[PDB]
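Notes to accompany the following structure.
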Amino acid sequence: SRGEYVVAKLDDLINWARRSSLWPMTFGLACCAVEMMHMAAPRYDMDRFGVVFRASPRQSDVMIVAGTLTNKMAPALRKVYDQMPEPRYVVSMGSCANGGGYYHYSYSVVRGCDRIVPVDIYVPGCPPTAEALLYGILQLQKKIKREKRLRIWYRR
Amino acid sequence: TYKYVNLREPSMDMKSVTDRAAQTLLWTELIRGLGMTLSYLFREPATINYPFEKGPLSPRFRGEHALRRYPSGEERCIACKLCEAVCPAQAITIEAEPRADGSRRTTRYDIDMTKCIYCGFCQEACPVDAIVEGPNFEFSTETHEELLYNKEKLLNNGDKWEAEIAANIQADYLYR
Amino acid sequence: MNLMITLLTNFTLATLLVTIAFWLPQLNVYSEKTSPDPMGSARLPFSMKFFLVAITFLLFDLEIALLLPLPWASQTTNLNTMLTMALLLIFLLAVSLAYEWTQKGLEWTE
Amino acid sequence: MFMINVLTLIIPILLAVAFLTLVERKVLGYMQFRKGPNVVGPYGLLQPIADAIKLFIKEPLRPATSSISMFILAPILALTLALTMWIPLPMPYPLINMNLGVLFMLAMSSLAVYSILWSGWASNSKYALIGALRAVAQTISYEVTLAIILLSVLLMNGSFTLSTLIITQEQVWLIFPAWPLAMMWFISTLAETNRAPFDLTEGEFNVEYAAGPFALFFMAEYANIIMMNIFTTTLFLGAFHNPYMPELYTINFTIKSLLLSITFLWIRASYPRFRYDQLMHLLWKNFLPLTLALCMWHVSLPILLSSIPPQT
Amino acid sequence: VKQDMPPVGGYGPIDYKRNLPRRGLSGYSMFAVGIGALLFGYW
Ligand SMILES: CCCCCCCCCCCCCCCCCC(=O)OC[C@H](COP(=O)([O-])OCC[N+](C)(C)C)OC(=O)CCCCCCCCCCCCCCCCC
Ligand SMILES: CCCCCCCCCCCCCCCCCC(=O)OC[C@H](COP(=O)(O)OCCN)OC(=O)CCCCCCCCCCCCCCCCC
Ligand SMILES: CCCCCCCCCCCCCCCCCC(=O)OC[C@H](COP(=O)(O)OCCN)OC(=O)CCCCCCCCCCCCCCCCC
Ligand SMILES: CCCCCCCCCCCCCCCCCC(=O)OC[C@H](COP(=O)(O)OCCN)OC(=O)CCCCCCCCCCCCCCCCC
Ligand SMILES: CCCCCCCCCCC1=C(C)C(=O)C(OC)=C(OC)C1=O
Ligand code: SF4
Ligand code: SF4
Ligand code: SF4
């Protein structure tokens, strides 16, 4: 129909603006912060994708959980997650954020950050390289590109 | 065998005093900093065009795991569980039995890719080059359990990447 | 009249942009947020130094207000008196600054 | 017809502020041995459009405001004062040609701290209020040397008329008789707009605003940056004006103001931040004594040389 | 044997000291250029 075409083009517009202007808040927990700092370094350069370097946690669009989540900091992670405006996304970077990793059987480690926050992209590695993290960010952009918020709103 | 950083007593003749005061009043080192930043403005940047251009890797690179095969179709894993005894993360779960022709073969070969520390002790502990840690690093998933590989996923990674894995092992095996 | 139209246009554009910023994303039916700082709940401690730099601003801005007719005052016929009083005003501003210095008024915001 | 002239002033201000963000990210990219944005548009040209559409559909941050009214008025006042600083600017003819355009700009820039102060008090955070008081004290501090340097330079102009300041500089740029006033002016206007190395709002006040109103504060701040570079260009680097071809002056002051805005972008990618007391020390103990001494010199100097400029 | 080794004469010399090349005029010359710019502006 006509309105279906309108909500299709508006979904394309707002998904374009949301994937082409991702603002990340990176939790620099552990060694994966070093490789995020390489994904911001000149070779890979997140900023040329519109992915800025270190937005504040209240204007950021995606939370990159880069490192080991312990039991002592998991409520702070959930607090920063709850304080993000929607649409908010979570990239889990590295094995400790994904599933506990090398500290999986530890007494003081949350076995994956997905016990705490809903995770969109799981980026595997110890650490995953800056190229692999940039792959995960572009896969997040492709996930945003196929969102159907207004088409489902029009069909409800 | 040692040196003194910042132990320079400055000169007090009118030449050096007026040099330091001209540096204070005319901002010489600030223009030196602006000159260095302006020098990098006209350099060619170091940015590669990902995904079209790729970062350089070596044949030793430790990425996604793969169970290999001999050059007849027979799989190399003879169910010996050295890769899970050596595994620092206990990411490898192995269960075995004799199959229908009497070969010592696995039925369960799981790797939890979210426990794995990607250190490659499994490929260097493997006596028959069955488990390798191949060159794929672009395998991010959208769900946690898609990073929980069974034997089918790992043998499919072997069949998927063997044309590359065999050449990397061919380039590196005389260092091993 | 052109200036009043210009001021009204700029205020109307600013109010239109502020209304779009405060009401266009309100139409998002996202979610109700449950339970929406370095100091927790302590009172704001009064800083004497912030008030001191504000009053020093106010007094030197008054001395600036005395200095502001100088591009018109250079046109006078009584130039010796004008030059003496101009140098005396800038000198009294400098004496205010020197007294603010030497009695430790410019400290920890120097 | 005058309304068309007001629109052709205020809409290209917004467009140049929109693309100044792209120029900042690109110039800071290449000065950091990387690139700036080049994926979202052809050569990155659609990055500010994408970012504006992103911010205007982001969730409102929904703060508990102390005063609702001042929380609304601080972006309104910031944008209104950011737009009204352009109307006496002679390029080569201003929108509002007035006899006291310099003093008008100094007044409307003195009024700009109420937006910072009202945004700081209208937030319930005491930390945001402390940051707002620091930013207001910083800005009102450097307004002192703005006023005195500006007075000392206009002692060579004869009036507060901005259009007379082009006639003043037809034989020489006014930076040649007044380069120490120029360099202290340039650092003081760098400290007016909370711009690096004087950006203690980013170093560890409007953090409770949603993405829309924070974008409005951001664009008012960049309108102030472009405007103060244009005002510094007219004030110290006055271009040639042929009255039969005004576009010569317009192209010339545009090139000079673009170079000066890039010079702001080039300062912010070169130096670390001051500590708060260090730029207070820079104002009250370095810039203000030389500013007063040069004010005495530029009072007494047209009298001792017989170079008093005309009143009209 | 075949092994990663330095070449037969070794490598060349590698610089490792501070090299800040001391550019610019003297302070006398910098105040001279500044005062000359002031005098040209005043004239
Ligand atoms: C308009 C176009 C641009 C104009 C030029 C500006 C472009 C260059 C910008 C460079 C980057 C700057 C980044 C921010 C830097 C802030 C810090 C800084 O510089 O602080 C200023 C510093 C501060 O001092 P300081 O901190 O460096 O030194 C230590 C100071 N104490 C001891 C107090 C701690 O210097 C000044 O304040 C100088 C201001 C300008 C001086 C002008 C003097 C002119 C010459 C007068 C005559 C001299 C001879 C004697 C008389 C002769 C008579 C015949
Ligand atoms: C009645 C029906 C119509 C309903 C209303 C809609 C009116 C028109 C709205 C704009 C156009 C809508 C379509 C949006 C794009 C859809 C196609 C798309 O996504 O193309 C992708 C392409 C880039 O491909 P990408 O996926 O980014 O690849 C990465 C690099 N290989 O993307 C590109 O090449 C760039 C896409 C740019 C999108 C358009 C430009 C921005 C929007 C301008 C208008 C709105 C804003 C106006 C000004 C705001 C303030 C400045
Ligand atoms: C004073 C001057 C100020 C200038 C400000 C702006 C500067 C930049 C101007 C724009 C420069 C070019 C921009 C091109 C954007 C990318 C367009 C594009 O390629 O979109 C492709 C997309 C998908 O198309 P599709 O059919 O799927 O393609 C498959 C092909 N087999 O299709 C789409 O996305 C749909 C088409 C979208 C078109 C959007 C065009 C950009 C609009 C920007 C706003 C400003 C317009 C210019 C204003 C000044 C000039 C009047
Ligand atoms: C909290 C409330 C909302 C806050 C946001 C909005 C308000 C703040 C931002 C706007 C500030 C407005 C400033 C208005 C007056 C500025 C001074 C002025 O007009 O100077 C220009 C000019 C003097 O130059 P001259 O050349 O001498 O005059 C022409 C004759 N030759 O003089 C003229 O040309 C005179 C022209 C006729 C008289 C104009 C009177 C204007 C209307 C009254 C003031 C409007 C603002 C009131 C509220 C201010 C709040 C700060
Ligand atoms: C409708 C006219 C434009 C409205 C304002 C939105 C676009 C300009 C500001 C956006 C912005 C950009 C581009 C930006 O790059 C940025 O990061 C440095 C911001 O946050 C501090 C911004 O707010
Ligand atoms: S997944 Fe491994 S390398 Fe990455 S942050 Fe964790 S411990 Fe460090
Ligand atoms: S992969 Fe290698 S080390 Fe592991 S059980 Fe099989 S044969 Fe043994
Ligand atoms: S790379 Fe290391 S942690 Fe991963 S499966 Fe092999 S031995 Fe285990």
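Simple scheme: letters A, B, ... for chains in structure tokens order, numbers from 1 for residues in each chain, numbers from 1 for ligands in the order shown.
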key: ligand 5 neighbours within 6 Å using only C-alpha atoms and all ligand atoms, as a PyMOL selection string   = chain D and resi 18+21+48+51-52+215-216+218-219
Selected residues written out, N, CA and C atoms, as an mmCIF file, in the first residue's frame:
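result.cif written:
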```
data_model
loop_
_atom_site.group_PDB
_atom_site.id
_atom_site.type_symbol
_atom_site.label_atom_id
_atom_site.label_comp_id
_atom_site.auth_asym_id
_atom_site.auth_seq_id
_atom_site.Cartn_x
_atom_site.Cartn_y
_atom_site.Cartn_z
ATOM 1 N N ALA D 18 26.371 23.040 11.417
ATOM 2 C CA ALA D 18 26.188 21.614 11.169
ATOM 3 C C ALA D 18 27.411 21.002 10.505
ATOM 4 N N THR D 21 30.928 20.632 12.566
ATOM 5 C CA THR D 21 31.133 19.395 13.312
ATOM 6 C C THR D 21 31.856 18.354 12.467
ATOM 7 N N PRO D 48 26.775 14.810 9.685
ATOM 8 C CA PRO D 48 25.959 15.641 10.588
ATOM 9 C C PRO D 48 24.467 15.462 10.405
ATOM 10 N N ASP D 51 23.636 12.320 12.203
ATOM 11 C CA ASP D 51 23.762 12.511 13.638
ATOM 12 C C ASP D 51 22.620 13.356 14.194
ATOM 13 N N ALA D 52 22.140 14.341 13.429
ATOM 14 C CA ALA D 52 20.997 15.137 13.864
ATOM 15 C C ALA D 52 19.718 14.312 13.884
ATOM 16 N N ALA D 215 22.008 18.937 21.978
ATOM 17 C CA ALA D 215 22.428 19.300 20.632
ATOM 18 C C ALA D 215 22.208 20.781 20.360
ATOM 19 N N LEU D 216 21.172 21.369 20.955
ATOM 20 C CA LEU D 216 20.943 22.803 20.782
ATOM 21 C C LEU D 216 21.994 23.640 21.510
ATOM 22 N N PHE D 218 25.013 22.557 22.028
ATOM 23 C CA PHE D 218 26.217 22.284 21.257
ATOM 24 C C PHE D 218 26.283 23.149 20.006
ATOM 25 N N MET D 219 25.152 23.316 19.328
ATOM 26 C CA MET D 219 25.156 24.121 18.122
ATOM 27 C C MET D 219 25.189 25.609 18.437
#
```
For ligand 8, return the neighbouring residues as a short mmCIF file (atom, residue, chain, number, x, y, z; two decimals) with C-alpha atoms, in the first residue's frame (distance at most 7 Å; only C-alpha atoms and all ligand atoms).
```cif
data_model
loop_
_atom_site.label_atom_id
_atom_site.label_comp_id
_atom_site.auth_asym_id
_atom_site.auth_seq_id
_atom_site.Cartn_x
_atom_site.Cartn_y
_atom_site.Cartn_z
CA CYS B 83 43.56 -31.14 24.13
CA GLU B 84 41.15 -31.19 27.05
CA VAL B 86 45.97 -29.31 28.47
CA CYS B 87 43.09 -26.80 28.03
CA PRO B 88 43.70 -23.99 30.53
CA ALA B 89 40.06 -22.92 30.42
CA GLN B 90 38.52 -26.42 30.38
CA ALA B 91 36.71 -25.34 27.24
CA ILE B 92 36.98 -28.76 25.56
CA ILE B 111 34.50 -26.40 22.51
CA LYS B 115 35.46 -20.20 27.83
CA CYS B 116 38.28 -20.45 25.30
CA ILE B 117 41.29 -18.19 25.77
CA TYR B 118 42.47 -18.79 22.21
CA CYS B 119 45.98 -19.70 23.31
CA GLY B 120 46.41 -22.70 21.04
CA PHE B 121 47.55 -25.28 23.55
CA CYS B 122 45.11 -27.71 21.95
CA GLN B 123 46.71 -27.53 18.51
CA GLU B 133 43.04 -22.91 15.75
#
```
request  = Point out the residue among C:5, C:73, C:53, C:68 with the least atom-to-atom distance to residue 7 in chain D, counting only C-alpha atoms.
outcome  =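 So, comparing all the options, the nearest one is C:5.
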request  = Kindly compile the residues surrounding ligand 3 within 7 Å, counting only C-alpha atoms and all ligand atoms, and format them as a ChimeraX atom specification.
outcome  = /D:41-42,45-46
ask   = Excluding same-chain residues fewer than 4 positions from residue 70 in chain B, what lies within 10 Å of it counting only C-alpha atoms, as a VMD selection string?
value = chain B and resid 74 to 77 128 to 130
Would you save the residues from that selection as an mmCIF file, in the first residue's frame, using N, CA and C atoms?
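Result saved to result_30.cif:
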```
data_model
loop_
_atom_site.group_PDB
_atom_site.id
_atom_site.type_symbol
_atom_site.label_atom_id
_atom_site.label_comp_id
_atom_site.auth_asym_id
_atom_site.auth_seq_id
_atom_site.Cartn_x
_atom_site.Cartn_y
_atom_site.Cartn_z
ATOM 1 N N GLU B 74 39.116 -39.125 6.115
ATOM 2 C CA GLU B 74 39.101 -39.595 7.490
ATOM 3 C C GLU B 74 39.530 -38.481 8.429
ATOM 4 N N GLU B 75 38.778 -38.298 9.506
ATOM 5 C CA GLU B 75 39.088 -37.245 10.455
ATOM 6 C C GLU B 75 40.292 -37.626 11.303
ATOM 7 N N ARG B 76 41.066 -36.615 11.681
ATOM 8 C CA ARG B 76 42.333 -36.863 12.345
ATOM 9 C C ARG B 76 42.181 -37.155 13.829
ATOM 10 N N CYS B 77 41.059 -36.786 14.441
ATOM 11 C CA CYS B 77 40.910 -36.930 15.882
ATOM 12 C C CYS B 77 40.735 -38.386 16.269
ATOM 13 N N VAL B 128 48.217 -35.464 16.339
ATOM 14 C CA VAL B 128 47.880 -35.877 14.984
ATOM 15 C C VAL B 128 47.341 -34.707 14.178
ATOM 16 N N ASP B 129 47.505 -33.489 14.712
ATOM 17 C CA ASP B 129 47.092 -32.224 14.084
ATOM 18 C C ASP B 129 45.595 -32.177 13.794
ATOM 19 N N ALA B 130 44.787 -32.681 14.725
ATOM 20 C CA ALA B 130 43.349 -32.716 14.492
ATOM 21 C C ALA B 130 42.699 -31.384 14.815
#
```
Expected answer as a PDB file with N, CA and C atoms, in the first residue's frame: chain D residues within 8 Å of chain E, only C-alpha atoms:
```pdb
ATOM      1  N   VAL D 172      46.643  48.728   6.494  1.00  0.00           N
ATOM      2  CA  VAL D 172      47.354  47.645   7.157  1.00  0.00           C
ATOM      3  C   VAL D 172      46.328  46.848   7.949  1.00  0.00           C
ATOM      4  N   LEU D 174      45.108  45.322  11.345  1.00  0.00           N
ATOM      5  CA  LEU D 174      45.255  45.935  12.653  1.00  0.00           C
ATOM      6  C   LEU D 174      45.999  45.033  13.626  1.00  0.00           C
ATOM      7  N   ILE D 175      46.340  43.813  13.204  1.00  0.00           N
ATOM      8  CA  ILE D 175      47.212  42.951  13.982  1.00  0.00           C
ATOM      9  C   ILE D 175      48.649  43.461  13.966  1.00  0.00           C
ATOM     10  N   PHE D 176      49.045  44.232  12.964  1.00  0.00           N
ATOM     11  CA  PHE D 176      50.409  44.753  12.967  1.00  0.00           C
ATOM     12  C   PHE D 176      50.640  45.850  14.010  1.00  0.00           C
ATOM     13  N   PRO D 177      49.733  46.805  14.264  1.00  0.00           N
ATOM     14  CA  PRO D 177      49.925  47.634  15.459  1.00  0.00           C
ATOM     15  C   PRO D 177      49.486  46.980  16.754  1.00  0.00           C
ATOM     16  N   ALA D 178      48.785  45.852  16.713  1.00  0.00           N
ATOM     17  CA  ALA D 178      48.187  45.306  17.921  1.00  0.00           C
ATOM     18  C   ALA D 178      48.269  43.788  17.964  1.00  0.00           C
ATOM     19  N   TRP D 179      49.413  43.209  17.614  1.00  0.00           N
ATOM     20  CA  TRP D 179      49.534  41.762  17.812  1.00  0.00           C
ATOM     21  C   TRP D 179      49.582  41.253  19.261  1.00  0.00           C
TER      22      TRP D 179
END
```
